[PDB]
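Listed next as structure tokens: two forms of one protein chain, kept apart as structure 1 and structure 2.
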Structure 1
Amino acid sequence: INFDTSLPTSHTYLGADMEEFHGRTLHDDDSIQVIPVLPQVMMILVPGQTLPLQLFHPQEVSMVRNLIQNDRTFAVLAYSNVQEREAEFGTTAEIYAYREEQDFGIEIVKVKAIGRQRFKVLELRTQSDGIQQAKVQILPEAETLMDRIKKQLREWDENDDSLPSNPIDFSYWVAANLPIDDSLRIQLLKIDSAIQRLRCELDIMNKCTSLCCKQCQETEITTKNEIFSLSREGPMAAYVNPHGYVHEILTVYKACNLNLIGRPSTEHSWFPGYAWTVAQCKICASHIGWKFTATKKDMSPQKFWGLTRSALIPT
């Protein structure tokens, strides 16, 4: 495995002149705050998880510009029902990198943020100018469980320095990287105790199955056991396509029942040194993810896949 696993976390495709912020805002337990939510964000976010964004609607640009002038923190709601904008919990996201640019006269803002604190939603109110403000309450934050989880993680993929040592940070690493659906992510986000969070995760890893194509609900694509981490963030990560759409990707060493489309391409690659090719379901041709292929034959691995969470469903 010869590849710098610190390059993906940099999101260099998004831009390399990104202004950086080192100030850190952290709210007290049980404190009630009013935090804006970005209307296009759909992701469930946990503390320690990074969220890259590319925004071009003038209202999102203005609100990020104002956040950058202040505490740089927005609210990422854990929607139980994104079609209905229903959410009871969420995680704050603190912008740590920022970039302005223009394209065709349209002001664009590129942002890189990281989850900081869980919160319970108290009120979701929309302003007269359309922007949404959420009144939230900041929630407060067993090495046997940790060792047991780390044990079954090594059984799935041979991956210590990669995993956090603190039980709180480790519980959130596991919550954000397990190949689980949204309902289980929200279940884990509701849990207040790291001990309880780790114990629920152990139960989830054991009931885990395999990943089928959602459009088929039949054809198996990959499994926990080919999960393969190419990034310090872990085997699961959010990346932005060239037009602002955020994909959550699970990297696996081998996949089944998948065809390729088009020509391997290096543009806007989420894994520097690698080229991507659209992978679709060999049964329904539903796009599922991308196969990445080395650009220099001196790199290991030579082939790996990055499959979107949204295209997969567990058995």
Structure 2
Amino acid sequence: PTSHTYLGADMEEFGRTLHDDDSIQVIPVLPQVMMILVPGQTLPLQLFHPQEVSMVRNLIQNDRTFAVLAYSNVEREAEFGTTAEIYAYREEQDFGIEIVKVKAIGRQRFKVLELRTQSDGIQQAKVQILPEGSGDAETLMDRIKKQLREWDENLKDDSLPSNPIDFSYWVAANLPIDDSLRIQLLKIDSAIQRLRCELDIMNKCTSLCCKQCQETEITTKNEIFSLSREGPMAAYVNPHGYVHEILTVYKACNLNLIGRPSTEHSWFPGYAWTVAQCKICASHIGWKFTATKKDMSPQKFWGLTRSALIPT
């Protein structure tokens, strides 16, 4: 599923040598993207606005890299951010609207020094690439994997990155945590400290409630499971450009379904989807996935949007 088969097939695949640490660079910012991107996390995008299509077409011919800011209030309030490098690109046009479909991957964190908008309209950010500290972390990484098996790796193989820095970011990308805490881990430059905060977090997180009411538990960490190699959480883009960060769990509560299942543009092929909403406030929480054949290993599952859930 992490391959994003839904966005396209005949997509061009590109990757590039990273900027050095403590370097000061000038990078164009996608203003629409409103996520705390984590290095290593893939970002699927369907761009329709002519301005964005103009920039990304420009980006494919230079460094294939743009900046995804980290807003704490958004009213642009970003002091940090992450770079994303286009690895898959496809030009498309339907309904008289020209579409650019990209798959990018987070590569490096940076501190924002200056944001200015040019005469062409594209917004540029001068960034300082933050350093990636590492060390010996075998103990921490073992402590993490264990607690991971006691959640979803019960049936999930330990196919996880060996590098402490890479491990720190996989855990960071697949942890049911609010943004304000995700940004904390990205603000740590030392892998070892990141891994530690992750451990102290994994031991203190239990339930996920709805954010608009804060009075209804939807699921528990014990339900988390991975149907991809992305771990329990991943980003998918819908046919109108909306990116959703999807946490997959086996069972959930306090949800009312909306109508009949659909099979269109499903992010998990072979499964159908039905919108799920909170029984108390009626805010969208996600979708329930139902197998379309009996041979399916998991038969029914839930894909929730991190945007609608808050820890405990």
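Reference numbering: structure 1, starting with residue 1. For the two forms, the rigid core is made up of the largest set of C-alpha atoms that agree within 1.5 Å on superposition.
- Relative to the superposed core, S183 undergoes a C-alpha shift smaller than 2 Å between structure 1 and structure 2.
- Once the core is aligned between structure 1 and structure 2, the alpha carbon position of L124 differs by 1.3 Å; this is the C-alpha shift at that site.
- Overlaying the rigid core between structure 1 and structure 2 leaves the Cα of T209 displaced by 2.8 angstrom.
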